[PDB]
Amino acid sequence: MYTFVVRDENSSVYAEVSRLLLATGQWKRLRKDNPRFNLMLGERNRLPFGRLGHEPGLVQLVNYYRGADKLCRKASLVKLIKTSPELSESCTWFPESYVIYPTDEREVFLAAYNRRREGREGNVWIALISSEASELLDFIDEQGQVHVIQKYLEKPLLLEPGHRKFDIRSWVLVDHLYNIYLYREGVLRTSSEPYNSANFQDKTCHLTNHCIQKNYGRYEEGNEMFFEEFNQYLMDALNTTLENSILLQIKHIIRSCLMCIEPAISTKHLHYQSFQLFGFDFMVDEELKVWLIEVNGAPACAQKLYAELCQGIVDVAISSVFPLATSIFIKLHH
Amino acid sequence: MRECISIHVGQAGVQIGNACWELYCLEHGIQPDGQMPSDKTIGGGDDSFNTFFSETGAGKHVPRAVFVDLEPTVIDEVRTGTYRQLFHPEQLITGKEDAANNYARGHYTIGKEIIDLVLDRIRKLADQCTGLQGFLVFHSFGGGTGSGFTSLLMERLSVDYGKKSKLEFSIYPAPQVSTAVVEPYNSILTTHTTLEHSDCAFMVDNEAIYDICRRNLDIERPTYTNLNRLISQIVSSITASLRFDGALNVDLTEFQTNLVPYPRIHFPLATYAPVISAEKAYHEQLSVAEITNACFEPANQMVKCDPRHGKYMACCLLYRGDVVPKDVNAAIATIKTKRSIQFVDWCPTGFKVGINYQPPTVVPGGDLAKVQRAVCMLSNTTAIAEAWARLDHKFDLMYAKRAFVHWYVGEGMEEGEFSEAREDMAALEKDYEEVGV
Amino acid sequence: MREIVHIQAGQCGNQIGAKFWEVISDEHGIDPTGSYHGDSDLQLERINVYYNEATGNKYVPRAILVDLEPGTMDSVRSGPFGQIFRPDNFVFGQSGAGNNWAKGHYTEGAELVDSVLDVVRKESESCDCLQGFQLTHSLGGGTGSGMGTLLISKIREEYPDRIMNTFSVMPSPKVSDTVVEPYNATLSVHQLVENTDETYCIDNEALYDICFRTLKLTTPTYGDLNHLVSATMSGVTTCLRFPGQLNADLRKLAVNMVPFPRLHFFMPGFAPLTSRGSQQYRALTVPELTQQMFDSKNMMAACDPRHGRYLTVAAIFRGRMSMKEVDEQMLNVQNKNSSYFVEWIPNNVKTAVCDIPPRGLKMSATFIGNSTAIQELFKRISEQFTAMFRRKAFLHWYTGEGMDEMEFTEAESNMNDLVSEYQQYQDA
Amino acid sequence: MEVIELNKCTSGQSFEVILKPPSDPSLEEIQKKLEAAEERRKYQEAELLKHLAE
Ligand SMILES: Nc1nc2c(ncn2[C@@H]2O[C@H](COP(=O)(O)OP(=O)(O)OP(=O)(O)O)[C@@H](O)[C@H]2O)c(=O)[nH]1
Ligand SMILES: COc1cc2c(c(OC)c1OC)-c1ccc(OC)c(=O)cc1[C@@H](NC(C)=O)CC2
Ligand SMILES: Nc1nc2c(ncn2[C@@H]2O[C@H](COP(=O)(O)OP(=O)(O)O)[C@@H](O)[C@H]2O)c(=O)[nH]1
Ligand SMILES: [Ca+2]
Ligand SMILES: [Mg+2]
Ligand SMILES: [Mg+2]
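Residues numbered from 1 in each chain as written, not as in the entry; some residues may be left out. Chains lettered and ligands numbered in written order. Part of a larger assembly, values for the part shown. Heavy atoms only, no water.

Looking at the entry header, you'll see X-ray crystallography listed as the method and 2.90 Å as the resolution.

Draft legend 1. Representation of the site of ligand 2. Near ligand 2 lie 21 residues; those nearest to it are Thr179(B), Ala180(B), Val181(B), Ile316(C) and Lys350(C). The site occupied by ligand 2 is bordered by residues of chains B and C. Within the backbone of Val181(B), a nitrogen or oxygen atom sits 3.1 Å from an oxygen atom of ligand 2. In isolation ligand 2 has 600 Å² of accessible area, and contact with the protein removes 96% of it. (Near = heavy atom within 4 Å. Polar contact = N/O pair within 3.5 Å; in protein donor to acceptor, adjacent residues only side chain to side chain. Areas by Shrake-Rupley, 256 points an atom, 1.4 Å probe, with all protein chains shown as cover.)

Draft legend 2. The interface of chain C and chain D, seen in detail. Chain C puts five residues into the contact, and the matching count from chain D is five residues. When the area that chain C buries against chain D is broken down by residue, the three leading residues are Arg156(C), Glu157(C) and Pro160(C), summing to 75%. Counting across the interface, chain C meets chain D through zero salt bridges. Run the count over chain C and chain D and you get zero residue pairs in polar contact. At three residues, the largest contribution of residues to the side of chain C that touches chain D is made by helix α5 (residues 143-158) of chain C. (Contact = heavy atoms within 4.5 Å. Buried area = accessible area lost by both parts, 1.4 Å probe. Salt bridge = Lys/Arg side-chain N within 4 Å of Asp/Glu carboxyl O. Helix = DSSP H or I, 4+ residues; strand = E, 2+ residues; numbered from the N terminus.)

Draft legend 3. Just a nonpolar patch on the surface, in detail. A surface patch of nonpolar side chains, about 310 Å² in accessible area, is lined by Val179(C), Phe394(C) and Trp397(C). With relative accessibility at 47%, the residue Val179(C) sits in the partly exposed group. (Patch = residues over 30% accessible without salt bridge, like charges linked within 9 Å, V, L, I, M, F, W, Y side chains within 5 Å. Buried < 20%, exposed > 50% of the residue type's maximum accessible area, 1.4 Å probe, protein only.)

Draft legend 4. Representation of the pattern of salt bridges in the model. Applying the stated criterion across every chain yields a total of 65 salt bridges over all chains. Where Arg66(A) meets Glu386(B), a salt bridge forms, and the shortest distance between an N and an O atom there is 3.3 Å. Of this pair, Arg66(A) sits in the loop between β4 (61-62) and α2 (69-72) while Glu386(B) is found in helix α11 (residues 385-399), placing the two residues in two different chains. The pair formed by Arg66(A) and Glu386(B) is uniform in burial state, with each residue classed as buried. As a salt-bridge pair, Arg189(A) and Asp167(A) come within 2.7 Å of each other at their nearest N and O atoms. With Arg189(A) in strand β10 (residues 180-190) and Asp167(A) in strand β9 (residues 166-174), this residue pair connects regions lying 22 residues apart in the sequence. You can call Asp167(A) buried: its relative accessible area is 8%. Through salt bridges with shared partners, one network takes in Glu97(B), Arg105(B), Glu411(B), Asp161(C), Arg162(C) and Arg251(C).

Draft legend 5. Fine view of the pairing of strand β1 (residues 2-6) of chain A. Residues and elements named next belong to chain A. Of all five residues in β1, four are buried, a share of seventy percent or more. A crossover connection joins β1 to the parallel strand β2 (residues 27-29) through helix α1 (residues 12-23); in handedness this β-α-β unit is right-handed. Looking at chain direction, β1 and strand β3 (residues 39-41) are connected through three bridges and run parallel. Following the sheet pairing, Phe4 is matched in β3 by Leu39. (Right-handed = clockwise from strand over helix to strand, strands pointing away. Pairing = 2+ DSSP bridges.)

Draft legend 6. Local environment of the interface of chain B and chain D. Counting residues at the interface gives 38 residues for chain B, matched by 29 residues for chain D. Buried surface at the junction of chain B and chain D, both sides included, amounts to about 3,000 Å², of which 58% is carbon and sulfur. In terms of surface lost to chain D, no three residues of chain B exceed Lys112(B), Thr349(B) and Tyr357(B), which account for 18% of the buried area on that side. Across the contact surface, chain B and chain D share two salt bridges. Ionic pairing is found between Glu38(D) and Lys112(B), a salt bridge with its closest N-O pair at 3.7 Å. In this assembly, chain B and chain D are joined by 12 residue pairs in polar contact. Elements with a minimum of two residues in the side of chain B that touches chain D: α3 (103-126), α4 (144-160), α10 (325-338) and β11 (349-356) of chain B. Tallied by class, the residues present in the side of chain B that touches chain D amount to 16 nonpolar, 12 polar and 10 charged. Judged from the eight bridges that link them, β11(B) and strand β2 (residues 12-20) of chain D form a sheet pairing that is antiparallel. (Nonpolar A, V, L, I, M, F, W, Y, C, P; charged D, E, K, R; others polar.)

Draft legend 7. Here's a closer look at the site of ligand 1. The environment of ligand 1 is formed by 24 residues, the closest being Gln15(B), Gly146(B), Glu183(B), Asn206(B) and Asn228(B). Ligand 1 is flanked by residues contributed from chains B and C. With respect to ligand 1, the side chain of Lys252(C) contributes an N or O atom lying 2.9 Å from an oxygen atom. When ligand 1 sits alone it has 640 Å² of accessible area, and the protein chains cover 96% of it. Elements that contribute at least two residues to the shell around ligand 1 include exactly α1 (10-28), α4 and α7 (224-243) of chain B. Ranked by residue count, the leading element in the shell around ligand 1 is α1(B), at four residues.

Draft legend 8. Representation of the environment of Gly131(B) within the structure. Residue and element names in this part refer to chain B. For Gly131, the location among the structural elements is in the loop between α3 and β6 (132-140). Placed 130 residues apart in sequence, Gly131 and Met1 show a C-alpha to C-alpha distance of 7.6 Å. Those residues within four positions of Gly131 in sequence are excluded, and the remaining contacts are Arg2 and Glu3.

Draft legend 9. Representation of the coordination of the calcium ion (ligand 4) in the model. Within the first shell, the calcium ion (ligand 4) binds the protein through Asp39(B) (OD), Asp39(B) (OD), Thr41(B) (O), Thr41(B) (OG1), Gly44(B) (O), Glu55(B) (OE) and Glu55(B) (OE), at distances of 2.4 to 3.1 Å. Mapping the donors of the calcium ion (ligand 4) onto the primary sequence yields the spacing D-x1-T-x2-G-x10-E. (Donors = N, O, S within 2.8 Å, 3.2 Å for Na, K, Ca; no water.)

Draft legend 10. Summary view of the side chain of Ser18(A). With respect to the element layout, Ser18(A) can be found in helix α1. Judged by relative accessible area, which is 7%, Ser18(A) ranks as buried.

Draft legend 11. Here's a closer look at the sheet that holds strand β5 (residues 92-94) of chain B. Residues and elements named next belong to chain B. Ordered by their spatial adjacency, six strands build an open sheet running β5-β4-β1-β6-β7-β8, and the pairing between neighbours is parallel. Each edge of the open sheet is held by one strand with a lone partner, namely β5 and β8 (200-205). Going from strand to strand, the sheet's axes swing by 15° on average, the running direction of each strand aside. Note: strand β4 (residues 65-69) against β5, three bridges, orientation parallel. Its bridge partner being in β5, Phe67 is matched across the sheet by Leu92. (Axes fitted to C-alpha atoms, helices over the stretch in contact; angles between N-to-C directions.)

Draft legend 12. Local environment of the packing of aromatic side chains. Throughout the structure, instances matching the rule amount to 63 aromatic pairs over all chains. Between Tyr181(A) and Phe329(A), the ring centres sit 5.8 Å apart and the planes meet at 50°, which makes this aromatic pair tilted. For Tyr181(A), a relative accessible area of 13% gives the class buried. Judged by its relative accessible area of 9%, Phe329(A) is buried. Each member of the aromatic cluster is reached from another via a ring pair, and the members are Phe20(C), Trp21(C), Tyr50(C), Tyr51(C), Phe85(C) and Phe90(C). One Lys or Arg, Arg402(B), reaches over the ring of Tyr399(B) and ends 4.1 Å from the middle of that ring. (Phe/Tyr/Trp six-rings, centres within 6.5 Å; stacked < 30°, edge-to-face > 60°. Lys NZ or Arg CZ within 6 Å of the ring centre and 35° of its normal.)

Draft legend 13. Structural context of the arrangement of the chains. The pair of protein chains exhibiting the most contacts, out of five pairs of chains in contact, is chains B and D. There is no contact between chain A and chain D; across them, the least C-alpha separation is 15 Å.

Draft legend 14. View of the sheet that holds strand β5 (residues 97-100) of chain A. Residues and elements named next belong to chain A. The strand order β5-β8-β6-β7 describes an open sheet built from four strands, whose pairing is antiparallel. The open sheet has two free edges, formed respectively by β5 and β7 (129-130), since each of these has just one partner strand. Strand contacts of helix α3 (residues 74-83): β5 and β8 (147-151), with the helix running at about 125° to β5, the strand carrying the most contacts. Contacts between helix α4 (residues 106-119) and the sheet are confined to β5, β6 (125-126) and β8, with β5 contributing the most and set at about 140° to the helix.

Draft legend 15. View of the pairing of strand β11 (residues 349-354) of chain C. The sheet contact formed by strand β10 (residues 310-319) of chain C and β11(C) spans six bridges and is parallel. Directly across from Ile316(C), in β11(C), lies its bridge partner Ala352(C).

Draft legend 16. Structural detail: empty space enclosed by the protein. Approximately 530 Å³ is the volume found for the second largest cavity. Together, 33 residues line the second largest cavity, and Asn34(A), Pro35(A), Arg36(A), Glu55(A) and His393(B) are the ones closest to its centre. With five residues, the top contributor of residues to the lining of the second largest cavity is α11(B). Each residue belonging to the lining of the second largest cavity can be placed in one class, and the counts come to 16 nonpolar, eight polar and nine charged. (1 Å grid on protein atoms, 1.4 Å probe; cavity = no way out; pocket = protein on both sides within 12 Å on 5 of 7 lines; lining within 4 Å. Points joined across faces, edges and corners; volume = space filled by probe spheres on them.)

This is how it looks when you write it as structure tokens:
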């Protein structure tokens, strides 16, 4: 019998993981503040990493990598990509991005905006989306909290029939040994209302968030296109597979991002151990080029895929450390 | 030449004192009876070793050391042991009954009855000093004497010796190495009262030393003899610059200068390599590059924490053995590229290096093997606050229900001192927090 | 702190007390004459604790033998180890206590108490540094129950900064002398709550069941019951009598075991459980020792520890075994059953190993538990009390010695207070 | 990169390597606190002996 704790009740993924663990009969749940655990399913804010691995005669494991917030915050991701030579300013899969504080790189932001202004090419930026620099800067200071200004993808990939926009979510599990496992199933969180090149004020067609959409559910159920259908569409429309056109770049970006932060976060020689599930968010343009949007520390799965992913988490992240009495993941080798 | 007086309080302090002074004698060529054939100036002298040893006309080299315990048992083993002739009886102070794992009993009750006697016997050592610089204090956070009496002594030494520097070697409590339930109380209480009165303090987690003994020496259930002989090796590295000819850490004031910018944040992390088993036949001798790299592994630290998630204020590398500056710089350059070393923005990113050509001396029949080169890193990292957090959480758990508090109150201490001490710790964790992110 | 002064009061007190000295004299290599005839030096290194060095270099137990009746104390003197006790330390009245607390505490006992305290004082003056006192007594009779608790009170006045340690046999209808035992117990518990630092609750019900269910003895005597007590007593005092890793005394034990001054009533335990003479030949593994000592069938107090929670635990493993295996097993019981150990006292289970095994066993384990489940023992006594008291039954035995009904109500109150105080910590 | 403050002898040598530049209670008060704790111990023992006199 192995023991675990649950410290994030709001986590829809790990509520299912604990449910599956109890069902085997070889795992018992303890109270939130019981320090005599094998596994921690910790909280999102202020996780006590300093308290792990100090309890004698217990192997301890947690579902979060300490330090991995440096990849999962919008301000942190830009700072990491710009400073780390493994990514370099010249990164090509990440959109041109700048960090602005409200009351810093404000002079660096306007220097590149002027080159775009003089050349008169596509000059639209996301933070609310606008074409004017001084109109966005006044709205950041109006909010309060610190946010990032990023180059908006003015030439996205269309979906037919519909002339639509989309983002791809891929689920990635990093185990205790720093193996990177990409889940074979992803989701296309689609827009239902057609893309409008002229009117940026409208946000329902430009932003592909699952909350904003809820023409919801016209083309596919709950604005969610799964990997078999999207592969089929690409074969018919563009004469290509998802594997070649998109997935190779996705596999490259995940691997490049996590290899960069390996020496800072790895629990290979530590007193305690860590695994973590990540949500990588991608944007495909008209030329079939893949761009990284955001990384998610506490990602939520789609309804169809909860059962399979959560069982897979138990298989290679939990039972690999605590064994019991086909693989759904593609390993990204390094 | 300025002199240093070592003070050993409680069981842990006395027993570690035994281990250090054993090692010091083997390093300086001093025999169990106190004779040093290599010393040519008989009856005196202002050599580097005279910081830790005084001399008599007879030719005896006597430690500038005072042993204090509230119970006779442990110091009685010093009085009758193999180094009985080394210390003179006036340096070995014992009481009748111990402080029973109670801070308040050691501080207030039995403390009051023995404080004046101890300071009197300390004053006898200070009188033989031509220029006293200060004190090295060896004690445990856990024990009643080790926590209680120590904090009272540290208070009184600040009054009687106002100018002088004070350094701590403190034993942090671990459930893995025979602890009592009330030791989280004793720890918080003593740290609070001592915080103002200590200039630099070297925490040694019993858990870390236990695991190094298990992993690197193949000792399944490490005794105090095992742990202390290891601790002494680390302590010897730290104090080597005070006992030997050199230009780094030559006096106690330099420990503050090189390691402690923020006066409250005075707990540097010690990291040591290599620990190699004597029972290992055929050993691949480690290079400068390999042993400097081992300083940034948490498995080698005196306190288990993660320096990657935190910031540096200072860094000292102390080498013993076959080491040249060229190899040091070459190792640093490679480590800088491959590891997360983040300094605070108001401090230079750098290392102060001290090399001593004489390799570490091994205790004959001990568990440590002879090595060609060894290093001790002293880094003031905000990561060490993890050990405060752990201890504070345990304090919070018991104190919420006022568990054991009556034992402390029953010795004349107020309940108010508990929360007063805990608030200071909440202040301390926050000081580390502001500096650390 | 090294020297302990021992007192044994009444029939039960002297009978279990004589057996204790018999068992530990064997363990230290001391013959009935008092001469040392052992092989190991370790047997003599901490012999100061229980023995005074006598002329001719003979050892004399630091024990005072007390009864209001000459009967039981005459049996001790003409018993197996009888000659070992200092003859001046035999302090006896004549009339007996007739199973009456009031006779023990107020009338007959009051006459003899000063005679006892003189001997207690004389043994104290010989002590280099007096650690504290231990009492063996029952709570159901008159002498041990009444006079014992009187002696404790009077010792606390003369030595207010010294540890009071008691081995207190609890009464049960299953092994019963008189109907008035719940009255005598309830009056005594009030005293133990206020005037002792550590009380080992030795329940006669539990000792009966161990003899009947486990040891397979159909009709157990007081001798059968006492074998279990002397084995437990030897076990709990192992770290005091023998050198080991532990630099510990009774005060240190009180500090760490008692989180709140009133809740100082412990559940003792022993593994493996054995009958006199005929004992098992098969060696017990460390996993079996740990499994047994935590099981309720091995507990000396008739409480189910599953009905409560452990505040603090202490364990003493005796014999030559793997200390790593001990640690692994001890942490296994904690990490499997962490809902029965308080989360608000971290690392509340402590283990000590002594190399010297007891007579007739290769390895053994002794258990000390401060569990909230001990309330069930006091609730039992409290129910039996009320059954008679609500009808003021048998009270004339006590009122005839000048006691008032008020005192009974107050004693019942303080016990129901103790029980609800144990209930306070069983939930949150 | 820069190796400053180099000092040598027979015993060893020491130096500094910069990689990147930057961007009390009295005797009277101790006697007071200790004696206030003796008074609380005295008071608690006096309350005990008063209770035992009752
Ligand atoms: N590393 C090390 N730790 C020790 C040693 N002796 C005791 N300890 C630790 O110190 C704590 C207990 O403190 P002690 O020094 O034994 O107690 P004391 O200072 O003598 O105080 P009292 O005995 O309560 O009067 C525990 O956490 C032990 O693990 C030792 O020789 N080496
Ligand atoms: C002389 O007899 C004993 C005395 C003590 C202890 C003990 O249990 C092993 C004894 O054996 C019965 C011991 C008690 C319990 C504690 O756990 C709650 C503790 O923290 C602490 C301990 C003891 N300390 C250690 C490191 O075990 C100190 C007091
Ligand atoms: N375990 C045990 N209990 C006893 C023994 N002798 C008497 N008792 C119990 O003690 C109670 C009677 O007290 P007793 O000691 O005879 O009275 P006293 O002589 O006035 O102290 C009853 O509950 C008995 O069951 C004994 O040898 N062993
Ligand atoms: Ca000289
Ligand atoms: Mg001690
Ligand atoms: Mg009887």
